[PDB]
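The block underneath contains the structure these notes are about, expressed in structure tokens.
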Amino acid sequence: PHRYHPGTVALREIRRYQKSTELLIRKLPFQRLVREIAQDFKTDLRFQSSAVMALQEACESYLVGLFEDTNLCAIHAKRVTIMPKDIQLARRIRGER
Amino acid sequence: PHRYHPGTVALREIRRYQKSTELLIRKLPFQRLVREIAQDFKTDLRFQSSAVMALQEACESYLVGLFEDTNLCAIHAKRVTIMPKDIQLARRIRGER
Amino acid sequence: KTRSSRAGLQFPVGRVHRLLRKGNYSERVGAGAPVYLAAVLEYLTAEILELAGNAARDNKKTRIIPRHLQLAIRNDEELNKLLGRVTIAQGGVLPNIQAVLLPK
Amino acid sequence: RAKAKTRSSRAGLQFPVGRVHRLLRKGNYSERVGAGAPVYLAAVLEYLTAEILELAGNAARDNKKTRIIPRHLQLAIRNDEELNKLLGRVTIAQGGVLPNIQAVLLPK
Amino acid sequence: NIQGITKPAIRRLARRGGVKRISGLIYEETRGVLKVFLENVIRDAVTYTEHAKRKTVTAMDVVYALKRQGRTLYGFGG
Amino acid sequence: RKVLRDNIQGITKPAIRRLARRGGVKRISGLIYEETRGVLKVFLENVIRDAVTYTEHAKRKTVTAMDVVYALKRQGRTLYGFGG
Amino acid sequence: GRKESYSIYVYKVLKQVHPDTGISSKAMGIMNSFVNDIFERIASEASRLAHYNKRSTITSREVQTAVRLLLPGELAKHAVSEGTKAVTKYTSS
Amino acid sequence: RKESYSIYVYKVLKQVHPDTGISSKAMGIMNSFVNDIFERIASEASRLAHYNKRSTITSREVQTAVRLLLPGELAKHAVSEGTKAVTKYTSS
DNA sequence: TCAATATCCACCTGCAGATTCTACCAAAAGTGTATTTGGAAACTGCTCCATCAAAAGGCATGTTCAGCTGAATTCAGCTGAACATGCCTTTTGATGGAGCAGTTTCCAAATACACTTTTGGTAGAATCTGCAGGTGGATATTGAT
DNA sequence: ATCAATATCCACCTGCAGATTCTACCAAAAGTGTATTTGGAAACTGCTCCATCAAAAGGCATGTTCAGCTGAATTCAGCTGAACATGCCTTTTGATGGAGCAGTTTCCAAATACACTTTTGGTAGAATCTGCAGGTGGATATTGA
Ligand SMILES: [Cl-]
Ligand SMILES: [Cl-]
Ligand SMILES: [Cl-]
Ligand SMILES: [Cl-]
Ligand SMILES: [Mn+2]
Ligand SMILES: [Mn+2]
Ligand SMILES: [Mn+2]
Ligand SMILES: [Mn+2]
Ligand SMILES: [Mn+2]
Ligand SMILES: [Mn+2]
Ligand SMILES: [Mn+2]
Ligand SMILES: [Mn+2]
Ligand SMILES: [Mn+2]
Ligand SMILES: [Mn+2]
Ligand SMILES: [Mn+2]
Ligand SMILES: [Mn+2]
Ligand SMILES: [Mn+2]
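As they're listed, the protein sequences go chains A, E, G, C, B, F, D and H. Position 73 of the first sequence, counted from 1, bears residue number 110 in the entry's author numbering, the numbering being contiguous throughout. Position 92 of the second sequence, counted from 1, bears residue number 129 in the entry's author numbering, the numbering being contiguous throughout. Position 84 of the third sequence, counted from 1, bears residue number 98 in the entry's author numbering, the numbering being contiguous throughout. Position 31 of the fourth sequence, counted from 1, bears residue number 41 in the entry's author numbering, the numbering being contiguous throughout. Position 1 of the fifth sequence, counted from 1, bears residue number 25 in the entry's author numbering, the numbering being contiguous throughout. Position 68 of the sixth sequence, counted from 1, bears residue number 86 in the entry's author numbering, the numbering being contiguous throughout. Position 34 of the seventh sequence, counted from 1, bears residue number 65 in the entry's author numbering, the numbering being contiguous throughout. Position 53 of the eighth sequence, counted from 1, bears residue number 85 in the entry's author numbering, the numbering being contiguous throughout.
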């Protein structure tokens with residue numbers, strides 16, 4: 038039975054999602070998250086759908102960029118595997134921490 | 038004849054310069070550097086003395102901050118020695134390159 | 015007879031002038047200022063559309079989409095610099111895989 | 011003629027409300043400025059000023075100095091997370107940095 | 025609801041970010057990060073909504089909120 | 019009336035070392051000094067470029083402290099202490 | 032030719048919070064920079080708020096919102112209290 | 033009604049690529065782009081005017097602001113176009 | 001435990017720097033019209049939200065294994081520490097003149113205002129292009145020599 | 001190194017749903033023609049600052065030697081994380097009803113603008129006041145032997 042080696046499909050997926058532009062987080066979960074967070078600041082808020090979409094575009098763009106920086110950090114430590122300390126280093130050098 | 042091990046005096050110097058606030062680059066050489074560069078944009082410019090000092094405060098602050106980030110990168114790679122690739126990584130994540 | 019036509023521009027000089035006057039930028043606006051500003055906006059626009067259009071043609075689309083704008087922008091050192099902190103919705107990212115990750 | 015009271019004294023403030031109003035008026039922020047806006051702004055600037063002086067003054071006292079210097083301002087700002095956040099992109103001339111040595115660099 | 029952001033979603037984002045291999049601990053870490061981000065943005069967004077005396081968060085509120093945090097977003101009403 | 023040349027080399031190895039020390043750096047590769055000179059040069063250029071632009075706009079021949087402060091501001095590096 | 036600055040006010044506030052503490056000229060220069068900076072951030076945000084909502088007036092409401100956008104956490108809450116308290120006392124006459 | 037830069041972007045597009053179109057969302061992005069750069073140049077021009085204690089924003093402020101805001105070659109061509117447009121306008 | 005160093009830490013005072021004092025005057029404050037404006041009422045259609053339902057497809061799970069990470073080890077130089085030398089920075093004052101501020105005068109350029117023309121936004125119709133699936137060949141990856 | 005044998009992309013196809021482009025109507029902006037003001041340039045001009053130069057002492061840059069310890073290279077396997085097949089449930093998508101909000105208009109009471117006239121707080125030096133910087137030495141830690 039056929040089996041690709043670990044990493045081959047990963048590389049395939051990198052090519053695939055770097056080629057595409059669609060949102061990568063599922064809509065209903067994100068929206069639910071957004072409303073949950075919004076309740077903590079001010080109550081009985083409504084959202085234009087496009088407001089939710091702006092938030093999702095922004096978040097996914099932010100995470101993808103963070104993962105790029107995180108990856109450069111992993112590689113800097115001669116690793117191919119990203120770890121929390123990579124994220125933490127990237128966020129510190131960005132000024133987020 | 039007495040000898041400190043490598044790193045003992047380095048550490049002492051870290052404590053020393055972290056405690057103090059004085060400018061660490063010599064004034065007159067910095068001042069020549071500033072004049073050389075500004076003359077290259079426009080000739081026969083003068084400088085208020087405090088303008089050169091503002092430039093030096095800004096440069097040393099920037100470089101010190103850069104060296105902080107560079108140091109975190111060196112340490113992330115399990116090194117105690119900062120290297121060019123550390124500076125380059127820090128600057129890449131800062132958005133400077 | 016429009017100020018735009020007088021300046022040989024497509025971008026609207028009159029609108030730009032009104033936007034300067036109403037934007038709380040200054041008490042007064044000089045006559046050449048919106049002409050100049052409109053010209054600059056038009057130029058940058060034409061630059062981005064030129065590259066984006068090239069990308070749309072290469073993808074054999076007659077129609078420019080956000081993806082083409084992103085490709086155009088990120089592959090140009092100066093546009094990318096100008097738009098460094100900007101997120102292009104639905105633009106995606108440049109295909110880039112760090113060498114170390116590739117096999118062999 | 012009624013004896014003048016300053017807008018600052020009316021607001022119970024040290025910072026100058028009249029000056030702030032004139033500065034809002036002439037900075038082209040808006041065509042009109044409300045009467046309470048320069049009051050509110052002067053009060054916020056005064057508060058933030060008092061906050062930084064309070065912390066800085068404590069730093070100067072711990073170091074047994076009667077005079078606040080840039081070092082104390084910097085100590086106050088970088089050790090206070092919200093101030094450090096607010097002034098994240100700010101360079102304090104002659105401020106130096108916080109003493110901080112990464113653990114791995116120490117001997118054992 | 026933060027767990028509603030699933031592991032394969034986070035993995036897909038990392039893939040677009042060029043990542044080949046992912047530690048099991050990343051997912052939870054990413055959630056915390058995402059949460060902080062969202063909190064900050066939505067805080068400001070709602071502030072804009074309140075200022076306009078509205079109960080509906082608009083695209084523009086989000087855009088202004090992103091802009092003031094140094095993360096300009098194009099396409100939603102800039 | 020004396021020609022300024024190659025002054026980036028005036029930023030000495032021990033100056034650079036002191037700066038890294040204040041930055042918490044314990045050990046420094048020999049290649050850092052030249053690297054740091056390049057970085058500083060780029061930085062100074064960008065700042066001075068903008069500073070002089072302000073000076074030219076004001077029809078002045080003297081770069082002021084404020085020219086510098088505005089140039090730093092425009093580049094996202096707000097500097098305090100020079101509004102004198 | 033005279034120059035205006037926030038020095039005397041900064042000094043008054045200093046004497047309030049630390050009666051026996053002084054301040055060097057360079058530290059006073061940094062406080063003046065600080066006040067001008069925060070002034071510009073708040074005023075220009077307020078201006079943006081007014082513009083966004085099609086008002087021609089910057090009011091204490093714009094200043095308050097601007098303060099809530101610009102200041103973190105508790106710093107914002109205390110600033111808002113001070114602002115509010117000053118406007119109410121002021122309107123009382 | 034709501035105004036946008038759409039018809040002008042479309043005009044410029046037809047100039048550089050006569051047979052090329054644009055999607056609704058790419059037009060949204062071009063609009064954001066124009067508003068952003070307008071705001072950067074205008075507010076820098078405003079600051080220049082204030083710094084120098086002038087109450088007028090003139091083409092000189094716009095030019096300087098462009099020299100501060102645009103990188104390199106982009107700034108050079110922008111300055112060329114601005115100058116050219118103002119000259120053509122002034123002639124008639 | 002002991003030398004060799006380095007770092008604290010208290011103490012002292014005179015002068016560079018900070019604070020206070022003084023008095024003019026620019027800028028706030030008071031007052032009195034003139035102009036705007038924000039917001040209550042009363043609406044009016046859109047979007048949202050809430051609910052409901054089916055069904056697809058994506059996620060969660062468990063198992064197996066390829067290979068990455070981290071630990072352990074070893075060695076050649078690189079970089080830090082220490083020193084002598086001697087240059088060049090630092091401080092401070094002189095000199096001459098360029099360049100800013102400060103002031104006055106007066107237009108070229110900008111605002112104001114009334115009214116007409118022109119255009120840009122908008123929402124359906126008409127046009128035409130991506131795209132959803134499906135194909136077959138193109139390119140890789142795997143496993144084995 | 002090359003060679004069969006799968007598995008997955010990727011370019012291409014067609015038929016239309018539906019995005020985009022085209023059209024035509026119309027308030028709202030832009031343009032225009034006069035009339036009036038005015039911000040800011042020119043042109044002097046008095047004083048500051050600024051650039052260069054000079055001196056002289058000693059702080060610090062430089063160059064050198066030598067060796068401690070670091071970075072780089074290597075080896076190995078335990079166990080993490082990837083790949084995959086299954087089947088269940090969450091999300092998608094589609095439909096309906098309704099109400100909660102934005103978005104608009106009109107009209108004044110309230111709020112702000114702005115000129116003119118007084119009045120005082122804020123500033124520029126000048127006069128006065130005084131921390132703390134350097135300069136001491138002795139006590140406490142730290143380092144490396
Ligand atoms: Cl980790
Ligand atoms: Cl390197
Ligand atoms: Cl002009
Ligand atoms: Cl108000
Ligand atoms: Mn107190
Ligand atoms: Mn004296
Ligand atoms: Mn038309
Ligand atoms: Mn019909
Ligand atoms: Mn398809
Ligand atoms: Mn008149
Ligand atoms: Mn005038
Ligand atoms: Mn020598
Ligand atoms: Mn020797
Ligand atoms: Mn090692
Ligand atoms: Mn194994
Ligand atoms: Mn008085
Ligand atoms: Mn001392």
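From the three backbone atoms N, C-alpha and C, an ideal C-beta is built for every residue, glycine too.
- By the rule that beta-carbons nearer than 8 Å mark a contact, A/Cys96 does not touch chain E.
- Taking a C-beta cut-off of 9 Å against chain B, the contacting residues of the stretch 62-87 of chain D are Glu76, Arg79, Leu80, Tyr83, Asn84, listed in chain order.
- Residues of chain A with a Cβ closer than 8 Å to the Cβ of G/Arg81 are, in chain order, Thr58.
- Secondary structure note for A/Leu103: its alpha helix (DSSP H) is the uninterrupted segment 86-113.
- G/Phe25 and G/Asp72 have their C-alpha atoms roughly 28 Å apart.
- Secondary structure note for D/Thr119: its alpha helix (DSSP H) is the uninterrupted segment 104-123.
- Within the same chain, and ignoring the five residues on either side of G/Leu85 in sequence, the residues whose Cβ sits closer than 6 Å to its Cβ are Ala69.
- Residue-level contact by beta carbon fails for C/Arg11 and chain D, as no gap is shorter than 8 Å.
- Interface annotation, D/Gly53: in contact with chain C, CB-CB separation under 8 Å.
- Note on geometry: alpha-carbon atoms of D/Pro103 and B/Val60 lie some 14 Å from one another.
- Per DSSP, reduced to three states, the secondary structure at F/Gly41 is coil, with no helix or strand assignment.
- Proximity of chain G to B/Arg36 at the Cβ level (cut-off 9 Å) is not reached, the minimal Cβ distance being about 12 Å.
- When DSSP states are grouped into helix, strand and coil, C/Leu97 belongs to the coil group.
- Of the candidates A/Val117, A/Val101, A/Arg63, the residue whose Cα lies closest to the Cα of G/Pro117 is A/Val117.
- Interface annotation, B/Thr96: in contact with chain G, CB-CB separation under 8 Å.
- For E/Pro121, the Cβ falls inside the 7 Å cut-off from some heavy atom of ligand 2.
- The DSSP-derived three-state label of E/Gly44 is coil.
- By the neighbour-count criterion, in which 16 or more other beta carbons inside 10 Å mark a residue as buried, H/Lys57 falls on the buried side.
- Burial is judged here by how many other beta carbons sit within 10 angstroms of a residue's own beta carbon; G/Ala53 has at least 16 and is buried.
- Ranked by Cα distance from C/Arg81, the options E/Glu59, E/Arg53, E/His39 are led by E/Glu59.
- Bridge pairing for H/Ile69: absent [DSSP].
- In this chain, the beta strand (DSSP E) harbouring F/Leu97 covers 96-98.
- Relative to ligand 5, the beta carbon of D/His49 is positioned inside 7 Å of a heavy atom.
- The C-beta separation of B/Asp68 from A/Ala88 comes to about 13 Å, leaving the pair out of contact by the 8 Å criterion.
- DSSP lists C/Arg77 as the beta-bridge partner residues of D/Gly53.
- DSSP, read as helix, strand or coil, puts E/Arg52 in helix.
- Taking a cut-off of 8 Å for Cβ pairs, the stretch 69-80 of chain E and the stretch 67-83 of chain A do not touch, as fewer than three such pairs fall below it.
- What you get when you keep residues with a C-beta closer than 5 Å to any heavy atom of ligand 3 is G/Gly44, G/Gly46, G/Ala47, H/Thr90, H/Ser91.
- Among the CB atoms of chain C, one or more fall inside 8 Å of the CB of F/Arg40.
- Contact between the stretch 49-68 of chain G and the stretch 48-65 of chain H is present: 3 or more CB-CB pairs across the two stretches fall below 8 Å.
- Selection G/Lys74, G/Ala113, G/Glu56 evaluated against H/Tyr37 yields G/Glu56 as nearest (Cα-Cα).
- Here DSSP, grouped into helix, strand and coil, assigns B/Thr71 to helix.
- Pairing H/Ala74 with G/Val27, the inter-Cα distance amounts to about 14 Å.
- Around the beta carbon of E/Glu133, fewer than 16 other beta carbons lie within 10 angstroms, which makes this residue exposed.
- Non-local beta-carbon contacts of G/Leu96 in its own chain, meaning distances under 7 Å to residues more than five positions away in sequence, are absent.
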